[PDB]
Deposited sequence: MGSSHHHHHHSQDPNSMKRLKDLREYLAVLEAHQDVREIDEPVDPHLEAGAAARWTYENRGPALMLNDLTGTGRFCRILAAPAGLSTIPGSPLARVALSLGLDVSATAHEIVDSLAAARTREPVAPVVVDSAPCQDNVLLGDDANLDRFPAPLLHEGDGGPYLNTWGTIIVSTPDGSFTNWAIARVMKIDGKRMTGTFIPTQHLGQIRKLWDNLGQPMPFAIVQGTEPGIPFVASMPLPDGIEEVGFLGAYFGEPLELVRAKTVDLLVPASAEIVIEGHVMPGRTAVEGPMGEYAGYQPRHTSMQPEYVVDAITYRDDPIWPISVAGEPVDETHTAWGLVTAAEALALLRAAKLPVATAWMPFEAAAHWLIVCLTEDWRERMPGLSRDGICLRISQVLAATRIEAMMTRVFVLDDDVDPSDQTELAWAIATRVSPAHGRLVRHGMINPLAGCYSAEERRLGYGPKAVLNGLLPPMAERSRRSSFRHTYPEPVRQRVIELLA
């Protein structure tokens, strides 16, 4: 039933068919212009951009901007997300998070190793394996340097080869042979690196760009500790991902990649480039994070809502859907309960079920970033920004129904004081916007909710 797109070329051919990708043949400077073009695209809900000619490297390597920004397809703003996750172009916000959460109840599917892949048609070794051959975009005026990895995946394995992590972490260019990035000890990349430091050996790595579109979504997903992204991807699409052996490092990489950067991480934390392999006419996708709406919101926040939905359902909570509204910049989670939630959780009041949701979320990886969690009924679509704001304004008390917890916070969230940020300790709220029992509720006043179907059908016939 899934319609999985197997590489970036298939993804781009589907966006072409829906007139949702534009080619720019005029030269664009990776120094700020490429990043600015990506921001213009996100903010004006423009087509994805194929930057065909870049200052410094010419037409050698293309750049794909806004790979999963909001779509131009009429009535389908989530189309790039839907297609990236093998769903219909018009799949809803609920169908998307439900598909991802459903795969969390399935057994992982191991990948398969292929003899060859287009990502190894061109191989650069030794002094030829130089990043100066590719664009080094300075994405924002104030950045420390060029961010080479914003929509690509870092691949590392434990020394024993028992666990392989695919993660999306920012990587900054130092020079043609060296890059750097953060190895936070609370995430897998850093935990795996510590195992390589204990054995006194450089950690082999590979960074892939322009893989099949579903990979960066799963690489952004806060899966539990023992779950490999490749296995989850396999369970999600219902078939094994095809991997190819890296040329210089005993790692398996997606065969769908446009570019593969291979090397070793040395404490010097520096990534040292040993080889670069790429398919003919390579494409390097970028993601330019900032205010809504970009892949921070359409990918990272969205897959975090799908993980919350899976965790809440695993705790046997009657959750209809979960969503991280794009306008709230991945600061809010909306939890919608089924209409029969009281029958499914018999001893709890509205405050009681909010206490239980808080208790369940508080025990997970993702709790620290939830600055606010709004608990609402499923008569509200949390992906409809007007209906969501209306529900919060009219259903959340101005004083009560707020559960405040203090603890770890997202250091990048905006709603914290300087001392809260410095201590890494601040407030997170769970807000109760649930209504009284369905029979006790006042009828909703709108076209859909206040008129009989024959009257609505007659009006649609006259006006639509």
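- Residues of the deposited sequence lacking C-alpha coordinates, numbered from 1, fall in the stretches 1-15, 284-305.
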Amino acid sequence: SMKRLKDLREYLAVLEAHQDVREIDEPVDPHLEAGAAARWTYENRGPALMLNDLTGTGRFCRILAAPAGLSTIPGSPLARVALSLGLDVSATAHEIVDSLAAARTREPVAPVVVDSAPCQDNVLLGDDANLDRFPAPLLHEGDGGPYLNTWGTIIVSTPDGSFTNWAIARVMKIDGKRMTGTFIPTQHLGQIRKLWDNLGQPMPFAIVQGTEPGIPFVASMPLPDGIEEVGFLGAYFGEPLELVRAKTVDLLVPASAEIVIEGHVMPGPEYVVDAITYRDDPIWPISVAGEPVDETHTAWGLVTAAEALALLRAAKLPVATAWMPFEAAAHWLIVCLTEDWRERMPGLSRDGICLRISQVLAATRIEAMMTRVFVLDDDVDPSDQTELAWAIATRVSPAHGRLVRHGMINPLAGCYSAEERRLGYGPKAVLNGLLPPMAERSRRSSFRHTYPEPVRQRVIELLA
From here on, numbers count along this sequence of modelled residues.
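- A summary of the deposited B-factors shows that, of 192-200 and 357-365, the stretch with the larger mean C-alpha value is 192-200.
- For the pair 164-172 and 76-84, the record assigns the higher mean C-alpha temperature factor to 164-172.
- Reading the B-factor column for the CA atoms of 94, 372, 106, 247 in the entry, the top value corresponds to 247.
- Note on the listed residues 434, 438, 409, 38: the highest Cα temperature factor in the record is that of 438.
- Split the chain's modelled residues into thirds by C-alpha temperature factor. Residue 59 is in the highest one.
- Annotation for residue 295: C-alpha temperature factor in the lowest third relative to the rest of the modelled chain, per the entry.
- Annotation for residue 259: CA B-factor lies in the lowest third of the chain's modelled residues.
- Sorting the modelled residues of the chain by their CA temperature factor places residue 351 in the middle third.
- Residue 271 sits in the highest third of its chain by CA B factor, as recorded in the PDB entry.
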